[PDB]
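Contents: one structure, followed by commentary.
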Amino acid sequence: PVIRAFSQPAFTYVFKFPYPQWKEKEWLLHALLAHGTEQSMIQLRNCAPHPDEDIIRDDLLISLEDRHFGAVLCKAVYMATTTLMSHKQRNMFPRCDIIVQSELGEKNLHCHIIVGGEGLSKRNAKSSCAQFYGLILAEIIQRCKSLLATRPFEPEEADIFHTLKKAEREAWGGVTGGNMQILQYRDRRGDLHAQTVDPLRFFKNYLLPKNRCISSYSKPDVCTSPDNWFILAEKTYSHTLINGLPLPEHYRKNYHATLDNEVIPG
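Shown next as structure tokens:
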């Protein structure tokens with residue numbers, strides 16, 4: 006079911022997970038965000054990249070499919086975005102379009118959010134950064150607590166948790182630390198614009214053609230199936246939500262092809 010329409014005006018944000026040591030200490034996030042997957046993540050390190058046969062790899066990935074930490078982060082941000090639009094529209098069931106994609110970057114663990122609909126505008130989109138940041142943090146923090154049903158926090162895990170809560174407090178005071186930003190561009194004359202003129206084309210051209218990687222300790226050629234490999238792609242994605250529904254790894258390249266050929270060429 007390829008998306009064919011996107012509510013305007015639309016805006017694009019980048020959320021940075023506010024923990025600098027996240028690559029070095031990623032297993033902490035496995036536990037805080039994706040409790041139940043921590044062993045699967047470890048086993049994944051030992052997997053052979055495609056096109057080598059590796060059945061363990063294939064099952065492991067099937068069992069991880071909507072549950073790995075990047076996927077959870079991505080659902081958290083989506084829920085927060087829903088909550089955001091809910092506030093902007095004073096309506097429990099807001100009319101909006103939302104795409105969210107999490108990415109394990111070279112440096113940052115981030116999510117891109119494209120959101121559009123009534124209640125956002127040029128007038129409020131940039132200024133809503135701190136509020137949006139706080140709502141996102143509230144969801145993450147809540148998810149962290151689910152681990153507590155199984156065991157108390159280990160010390161390093163508790164450090165991250167309090168880092169989040171502090172960030173959340175600062176967000177309520179309008180500080181984001183640069184971890185929540187709106188994407189802006191210039192027209193010819195050099196004026197700034199925060200509105201994403203073409204959300205689908207930005208999705209199709211910048212977010213879609215990436216290979217998957219679900220861990221700093223794994224590789225894209227492990228996490229991406231051969232039919233979905235983008236030969237010139239240098240960056241990766243972890244998980245993608247389109248209006249609440251995941252774009253499954255095995256349909257990504259075809260999904261892109263359909264957008265590029267039938268729906269929105271160029």
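Under the authors' numbering, residues 6 to 271 are what the sequence shown spells out, in order. Every residue gets a Cβ at the ideal spot worked out from N, C-alpha and C, and that includes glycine.
- According to DSSP, residues forming a beta bridge with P251: Working through the sequence shown from its first residue, we reach residue 251 at position 246. Beta-bridge partners of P251 (DSSP): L246.
- Query: What's the gap between the Cα of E111 and the Cα of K21?
  - Reply: Indexing the sequence shown from 1 puts residue 111 at position 106. Indexing the sequence shown from 1 puts residue 21 at position 16. About 12 angstroms.
- Alpha carbon to alpha carbon, how far is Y242 from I119? Your numbering for residue 242 matches position 237 in the sequence shown. Your numbering for residue 119 matches position 114 in the sequence shown. A straight-line Cα-Cα distance of about 15 angstroms links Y242 and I119.
- Identity of the residue in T87, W177, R62 and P56 nearest residue 2 by Cα: Summary: the structure shown does not reach residue 2, with the chain confined to residues 6 through 271, and so no result is reported for it.
- Per-residue DSSP class, three states only, for residue 4: The structure shown does not extend to residue 4, since the chain is modelled only from 6 to 271, so the question has no answer here.
- Query: Helix or strand or just coil, what does DSSP make of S107?
  - Reply: Against the sequence shown, residue 107 aligns to sequence position 102. Looking at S107 - three-state DSSP - the assignment turns out to be strand.
- Item | Buried versus exposed call for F207 [16 or more other C-beta atoms within 10 Å across all chains shown] | Here residue 207 refers to the residue found at position 202 when the sequence shown is read from its first residue. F207 should be labelled buried.
- Task: Please report how far the alpha carbon of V82 lies from the alpha carbon of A53, in whole angstroms.
- Result: The count along the sequence shown starts at 1 and reaches residue 82 at position 77. The count along the sequence shown starts at 1 and reaches residue 53 at position 48. Taking the straight line from one Cα to the other gives about 31 angstroms.
- Item | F22 in three-state terms, based on DSSP | Your numbering for residue 22 matches position 17 in the sequence shown. When secondary structure is reduced to three states using DSSP, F22 falls in the coil class, being assigned neither helix nor strand.
- Message: If I follow the unbroken beta strand (DSSP E) through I187, where does it start and stop?
- Response: If you number the sequence shown from 1, residue 187 lands on position 182. DSSP places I187 in the uninterrupted beta strand (DSSP E) bounded by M185 to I187.
- Query: Going by other Cβ atoms of all chains shown within 10 Å of its Cβ, with 16 needed for buried, is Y260 buried or exposed?
  - Reply: Here the question's residue 260 lines up with position 255 in the sequence shown. Counting of Cβ neighbours within 10 angstroms places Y260 among the buried residues, the total reaching 16 or more.
- Task: State the Cα-Cα distance for the pair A36 and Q48, rounded to the nearest angstrom.
- Result: As a working mapping, residue 36 is identified with position 31 in the sequence shown. As a working mapping, residue 48 is identified with position 43 in the sequence shown. Linking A36 to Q48 through their CA atoms gives a straight-line distance of about 15 angstroms.
- Start and end residues, beta strand (DSSP E) containing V120: Taking the sequence shown and counting its residues from 1, one reaches residue 120 at position 115. Unbroken beta strand (DSSP E) run through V120: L114 to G122.
- Below 8 angstroms between beta carbons: does that hold for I146 and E173? In the sequence shown, counting from the first residue as 1, residue 146 sits at position 141. In the sequence shown, counting from the first residue as 1, residue 173 sits at position 168. Their beta carbons are under 8 angstroms apart, which means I146 touches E173 by this criterion.
- Query: How about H115 and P231: do their beta carbons lie closer than 8 angstroms?
  - Reply: Counting from 1 along the sequence shown, the entry for residue 115 is found at position 110. Counting from 1 along the sequence shown, the entry for residue 231 is found at position 226. When the beta-carbon positions are compared, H115 and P231 stay at least 8 angstroms from each other.
- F74 (DSSP reduced to helix, strand or coil): On the sequence shown, residue 74 is found 69 positions in, with the first residue counted as 1. For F74, the three-state secondary structure derived from DSSP is helix.
- What first and last residue would you give for the alpha helix (DSSP H) that runs through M46? Here residue 46 is taken as the residue at index 41 of the sequence shown, counted from 1. First-last of the alpha helix (DSSP H) with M46: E43 to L49.
- Message: Using 8 angstroms for Cβ pairs, my map puts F11 next to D71. What's the rounded Cβ distance?
- Response: Indexing the sequence shown from 1 puts residue 11 at position 6. Indexing the sequence shown from 1 puts residue 71 at position 66. So it is not a contact: roughly 23 angstroms between Cβ atoms.
- Out of curiosity, what's the CA-to-CA distance linking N233 and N51? Taking the first residue of the sequence shown as position 1, residue 233 is located at position 228. Taking the first residue of the sequence shown as position 1, residue 51 is located at position 46. Rounded to the nearest angstrom, the two C-alpha atoms are 22 angstroms apart.
- Message: Less than 8 angstroms between C-beta atoms, sequence neighbours within five positions excluded: which residues of the same chain meet that for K258?
- Response: Translated into positions along the sequence shown, residue 258 becomes position 253. Answer for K258: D232, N233, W234 and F235, listed in chain order.
- Message: With a threshold of 8 angstroms, are at least 3 pairs of Cβ atoms found where one atom belongs to the region 178–193 and the other to the region 19–33?
- Response: The answer is yes - the region 19–33 touches the region 178–193, with three or more Cβ pairs under 8 angstroms.
- Query: For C79, which residues of its own chain have a beta-carbon under 8 angstroms away from its beta-carbon, when the five flanking residues on both sides are left out?
  - Reply: Within the sequence shown, numbered from 1, the residue matching residue 79 stands at position 74. Non-local beta-carbon contacts of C79 in its own chain, meaning distances under 8 angstroms to residues more than five positions away in sequence, involve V105, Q106, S107, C116, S243, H244, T245 and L246 in chain order.
- Message: Using a Cβ-Cβ cutoff of less than 8 angstroms, which residues in the same chain neighbour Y222 once the five nearest sequence positions on both sides are dropped?
- Response: For the purposes of this step, residue 222 is taken as the residue at position 217 of the sequence shown. So the list reads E31, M46, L49 and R50, once near-sequence residues are dropped.
- Residue environment, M84, which counts as buried when at least 16 other CB atoms sit within 10 Å: In the sequence shown, counting from the first residue as 1, residue 84 sits at position 79. Burial call: buried.
- Query: Any heavy atom of the ligand HEM within a distance shorter than 7 angstroms of the CB on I8?
  - Reply: What this structure holds is no ligand at all, so the ligand HEM is not there to describe.
- Query: How many Å lie between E175 and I141 at the Cα?
  - Reply: Within the sequence shown, the letter at position 170 stands for residue 175. Within the sequence shown, the letter at position 136 stands for residue 141. Distance from the CA of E175 to the CA of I141, rounded to the nearest whole angstrom, comes to 13 angstroms.
- Task: Please go through the same chain and pick out, in chain order, the residues whose beta-carbon is closer than 6 angstroms to the beta-carbon of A238, but skip the five residues on each side of it.
- Result: As a first step, residue 238 is located in the sequence shown; it is residue number 233 there, counting from the start. Cβ neighbours of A238 beyond the five flanking positions: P214, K215 and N216.
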